[PDB]
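K.L.:
If you scroll down you'll find the structure; I have some questions about it.
Protein chains: 2
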Amino acid sequence: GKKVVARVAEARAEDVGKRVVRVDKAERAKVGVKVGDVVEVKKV
Amino acid sequence: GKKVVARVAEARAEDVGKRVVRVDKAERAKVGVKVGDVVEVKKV
């Protein structure tokens, strides 16, 4: 299966309407990431 | 390693300033996802 290498970012005003995966504070604590960290996005 | 189960969403105006992973059209084609699809986010 293919996957996307990406970085946690702070959504910008120009990002409205664009496709994103939201990662809230609790989810970030679980994964152990802060803004700027590299993550992998995989299709389920 | 822990991972987050999430869904591709359309960023809202209230999402500005919040942490997201941006997935553009090309990236979505690679992963094979559309808005509404379940994905897994893993820390690298």
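Respectively, the protein sequence lines represent chains V and Z.
Every letter in the first sequence is one number past the one before it in the working numbering, and letter 16, counting from 1, is 16.
Every letter in the second sequence is one number past the one before it in the working numbering, and letter 37, counting from 1, is 137.
Note that beta-carbon positions come from the ideal geometry of N, C-alpha and C, so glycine has one too.
Return the residue from the list Z/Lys142, Z/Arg107, Z/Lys103 and Z/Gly117 that minimises the CA-CA distance to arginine 128 of chain Z.
P.N.:
Z/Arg107
K.L.:
Should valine 41 of chain V go down as buried or exposed, given a rule of 16 or more other Cβ atoms within 10 Å for buried?
P.N.:
buried
K.L.:
By DSSP's criteria, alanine 111 of chain Z is part of a beta bridge. Which residues make up the other side?
P.N.:
Answer by DSSP bridge pairing: none, since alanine 111 of chain Z is not bridged.
K.L.:
Out of V/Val38, V/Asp15 and V/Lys43, state which residue places its alpha-carbon closest to the alpha-carbon of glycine 132 of chain Z.
P.N.:
Relative to the Cα of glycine 132 of chain Z, the nearest Cα in the group V/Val38, V/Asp15 and V/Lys43 belongs to V/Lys43.
K.L.:
Starting from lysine 2 of chain V, trace the beta strand (DSSP E) both ways and give me its first and last residue.
P.N.:
Bounds of any beta strand (DSSP E) do not take in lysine 2 of chain V, whose DSSP letter is neither H nor E.
K.L.:
Is the CB-CB distance between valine 121 of chain Z and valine 39 of chain V below 8 Å?
P.N.:
yes
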